[PDB]
Each structure stands twice: as structure tokens, then as C-alpha cells.
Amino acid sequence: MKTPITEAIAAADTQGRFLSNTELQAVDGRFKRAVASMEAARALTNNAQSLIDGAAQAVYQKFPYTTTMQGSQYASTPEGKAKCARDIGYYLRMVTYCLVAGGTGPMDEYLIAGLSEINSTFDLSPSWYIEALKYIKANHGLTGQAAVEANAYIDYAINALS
């Protein structure tokens, strides 16, 4: 899983080398930044439900046809809304994992790999999940470097959908 530490180790184990000051500097940067990433992950976690419930409506307002059209890919049924809210939670939960781990690994492994195959097979439009990510990014209520960490991994998701 891609974290600052596994990259530092991977770079050394690749060249057959022991760790060096080159790699330890990289991990010291992780340990320092962790203070800002943690409080971002804590906040997103504590306000996770209001952010999911608001993100779902931001989508149903922007794309109202998803609540009226027929088809298992749409949120026009109570089961479809449950599925959508679930997926939005999945995205938010991966953002917290990325902050806790210090890198994209969690999202890379659990979400981004296979995204295009699934979104196509099940006729899910990426525009929907980007709108939900834009709503979280605007309303997570973070400030300073805690917000820089959150948006970094939210924009990373958005670029994966674009």
C-alpha cells in the first residue's frame, strides 16, 4: 500500500540498499505532516453523516433526473438511494484512510483500481460522484493545513473520475 514509508522502503529495497538519510528525511516529513492530517481525518469522521447526507442532496439537486428516471442505476427507488448514500460514504471513508496513512494507497487500492470498469458496467456517471466530492470539499469546515490535506485527497479522487 502506497504510503510515504512504503515508498521510502520500496526505493531502498529496489536498489538493494540499506535505508539512508535520503529516505529518513522523507519519513520525518510524514511524521510532521501527520499533525495536520490527523485533525482533518478526525473532523471528517465526526461530521461524516451530515457530510454524506448533504452530499447526496447536492447530487440529487444538480442532477434531478437521477431521482425520477427508471433503472437500477438511478436513485429513483429507496434501494437506489441507499446504494448512492453508501457509495458517497465509501468515498469519504477512503479520504480519511488516505489522511491516516499519509498517501493515496488506501484510495488507490480500494477505490480507484477498477473504477472505470465498474462505472461503465453499471452505467454510473462520474459526474455524480464528483458533485458529491465538490460538496464535501466546500462544507467540511476545515481551515488551514487540515483543509489542505482534505482537499488534496478529495481533488485526487475528482481527477480519478475526470
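Quick note: we count residues from 1 along the sequence shown, nothing fancier.
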Q | Higher-scoring stretch by recorded Cα B factor average, 68-76 or 84-92 | A | 68-76
Q) What stretch has the higher average Cα B-factor here, 128-136 or 112-120? A) 112-120
Q: Tell me which of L142, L24, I9, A152 tops the list for C-alpha B factor in the record.
A: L142
(Q) Please place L44 in the lowest, middle or highest third of its chain according to the CA B-factor in the PDB entry. (A) lowest
Q) Taking the C-alpha B-factors as the PDB entry records them, is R33 in the lowest, middle or highest third of its chain? A) lowest
Q. So where's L51 on the chain's Cα temperature factor ranking, which third?
A. lowest
Q: Report the third (lowest, middle or highest) to which the CA temperature factor of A157 belongs, ranking only the modelled residues of the same chain.
A: lowest
